[PDB]
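Here the structure is laid out as structure tokens; the discussion comes afterwards.
Naming follows writing order (A, B, C, D, E and F), and every chain is counted from residue 1.
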Amino acid sequence: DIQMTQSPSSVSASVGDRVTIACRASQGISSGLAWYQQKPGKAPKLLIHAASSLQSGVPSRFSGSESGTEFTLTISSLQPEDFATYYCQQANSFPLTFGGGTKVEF
Amino acid sequence: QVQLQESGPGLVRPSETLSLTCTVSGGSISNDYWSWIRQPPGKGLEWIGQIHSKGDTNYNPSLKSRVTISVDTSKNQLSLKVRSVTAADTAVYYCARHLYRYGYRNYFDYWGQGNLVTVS
Amino acid sequence: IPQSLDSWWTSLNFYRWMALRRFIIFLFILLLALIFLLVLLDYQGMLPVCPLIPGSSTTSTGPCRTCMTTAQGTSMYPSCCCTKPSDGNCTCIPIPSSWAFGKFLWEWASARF
Amino acid sequence: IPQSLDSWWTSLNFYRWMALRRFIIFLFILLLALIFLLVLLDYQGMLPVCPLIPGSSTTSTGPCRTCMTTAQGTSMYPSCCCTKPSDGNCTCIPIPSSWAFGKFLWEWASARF
Amino acid sequence: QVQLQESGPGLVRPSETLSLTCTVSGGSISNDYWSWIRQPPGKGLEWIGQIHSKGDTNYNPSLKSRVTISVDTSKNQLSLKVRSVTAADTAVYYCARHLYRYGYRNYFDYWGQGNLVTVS
Amino acid sequence: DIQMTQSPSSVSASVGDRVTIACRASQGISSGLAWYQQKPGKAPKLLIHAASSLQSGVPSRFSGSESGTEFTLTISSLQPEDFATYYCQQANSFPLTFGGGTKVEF
């Protein structure tokens, strides 16, 4: 079980802000991390896979950096539709574990 | 576009088998890895387990081997059986198709609408 | 055989040089025979050239369990070609039963060009 | 190029026939170029010919997890060649990084002969 | 010739972790699949689980995921941990190397001498 | 779990007898059966693998037949060193299960 920690538990950001969400793996996952976006009452949407590869159809404002074991999701301009909960998944080893979820607030 | 749709009860009694189905329309439930992921209400996502039509199935050890996942290629169905549920099994369950990028990936690109099962 | 080729070439156009020409013709014939042997082994499926990993989900791809071979079977040839991403699961594509090398060349040319 | 080969052959030995001879020489040159291209691609490892499954336990063989490739990696070439017996576990042997086709031919000749 | 030799206690107390080791001499503990199989005294053989040095490990579901098998390539050692043992865990344990015939087989050609562990 | 049944639980045979031991799989195991011989106080010895392939070094008097899902171990001449317990293993599917053991007696 790879513990997947997220920081912070909540981000208070407005429209048009550089929003950062940090994820940390208990052990190195060889850049096998994904970022999912989940809105209230909806299924999560795969935003980024392999910690840097943006998903097809996802707006390019989302980016993923993998500096060491510390991964980061970055939103250049926080659109009003970007306010959701962001989860980081490790895929290197089983069982697949998610992060605690970073709820980007207003 | 692959459309996953969950089905099953929402009033599973305690100490009873939890049965869920995921019908996949607009595609084939074979040729892909499919996972069940549960999210307790107000809590984070918890991966239950994966299965391939032409392969074996992998389970989360935190479930203590009380979970069975199966694939019905004739019906394009993905079945989940969580035996001996407690109040902790009250969660929204999603069937998710695994990403394929020049190989099978452990990412979930298409998700089901999610079915909430309450154990009480 | 080299004498026949030399006679045909002379007819079309119309002592150690003759020996050198015969040796060159024999070398060319041996090379052509090697090509024919490789093509024949490609036809029988004795050349297990790996098919490329498809970019999208395909009926061919599957886990290594898709690579079932008989328990009694003692074949030296691998049944599939597989890749295991650090990111996901083992993906296996079976080797073509015939024209594996030619099929690989066609796939490689299509992908590159 | 065909003119040079024809001149060399005539020197060694010493109007539509000349055109036919030039066409034959060009075809032979194209075939030799194809051979050289195949050998060059074999050297660079762009031909993923499967190594044969060893008869005994070897450091090369292992599970499909031995086939680890980078998550960022988007290579179209399979990393290993695998067989899954109905009798046991998935056995995978990596494809040689260079001279995969020549190495396979050597292994096949050694096993058969 | 590969020589497997078991080691460990024979007086594992109830509700305690059962630790066993298998030292493989005359060979390499890598490159092969290795299983633990237990036989209760007077009963039949019961397969506990397999592991490969360069791969994953497979466990018997009848053990309810309380068993962990590991490989120490530096020491050529095969370690077994059966957590929360009861009186039913009193058995002779064998480490067995898997047969290889043009592929990994689920057969056990070389067996350890077998170490009897009593839970009481 | 593939149930592996053996018949009979005990065979009373003397030296130089055609001894047969039957094994049955709950579901077809695609000829993925093995026969092991275990003597009192000793580890089992792999006699036959794949239900017909004799092991290297095993005397040729042992044979394995795979008529349908019913497998059979046959000893042409029961040597005094052949009196042991014989187990049938299935290898087609996990978990690997053994037979109950046929104790060939005197």
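Following the convention adopted for this analysis, a residue touches a chain if its C-beta (ideal position, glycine included) is under 8 Å from a C-beta of that chain, and two chains touch if they have at least 3 such contacts.
> Going by residue numbers, if over half of the contact pairs line up, that's a repeat, so tell me which of B-C, B-D or C-E repeats D-E.
Residue-number overlap above half with D-E among B-C, B-D or C-E: B-C.
> I need the rotation angle between the copies chain B and chain E from a CA superposition, between 0 and 180°, in steps of 5.
C-alpha superposition angle, chain B on chain E: 180 degrees.
> If you average the CA atoms of chain A and of chain F, how many Å lie between those two points?
Whole-Å distance between the two chain centres: 56.
> How many angstrom lie between the centres of chain B and chain C, each centre taken as the mean Cα position?
A distance of 43 Å separates the two centres.
> Report the inter-chain centroid distance for chain B and chain F in whole angstrom, where each centroid is the mean of the CA atoms.
Taking the mean C-alpha position of each chain, the two centres sit 41 Å apart.
> Two or more other chains in contact with one residue: find those residues in chain C.
53, 55, 64-66, 69-71, 75-76, 83-88, 90
> Which chain E residues sit where two or more other chains touch them?
Counting only residues that touch two or more other chains, chain E contributes 50, 61, 99, 101-103, 105-107.
> Name the residues of chain F that each touch 2 or more other chains.
In chain F, 30-32, 49-50, 53, 91-92 touch at least two other chains.
> Please list, in label order, each pair of chains that touches.
A-B, A-C, A-D, B-C, B-D, B-E, C-D, C-E, C-F, D-E, D-F, E-F
> Show me the residue ranges of chain E that touch chain C in the complex, using the header's touch definition.
101-103
> Can you list the residues on chain F that touch chain D in the complex?
So the residues of chain F in touch with chain D come to 30-32, 49-50, 91-92.
> Considering the complex alone, what residue numbers of chain D touch chain E?
53-59, 61-66, 83-85, 87-91
> Okay, in this complex, where on chain D does chain A touch?
70-72
> For chain C, which residues count as touching chain D in their complex?
Its residues touching chain D are 9-10, 12-13, 17, 20-21, 28, 31, 35, 46-53, 55, 64-71, 73, 75-87, 90, 92-93, 95, 101, 104, 108, 111.
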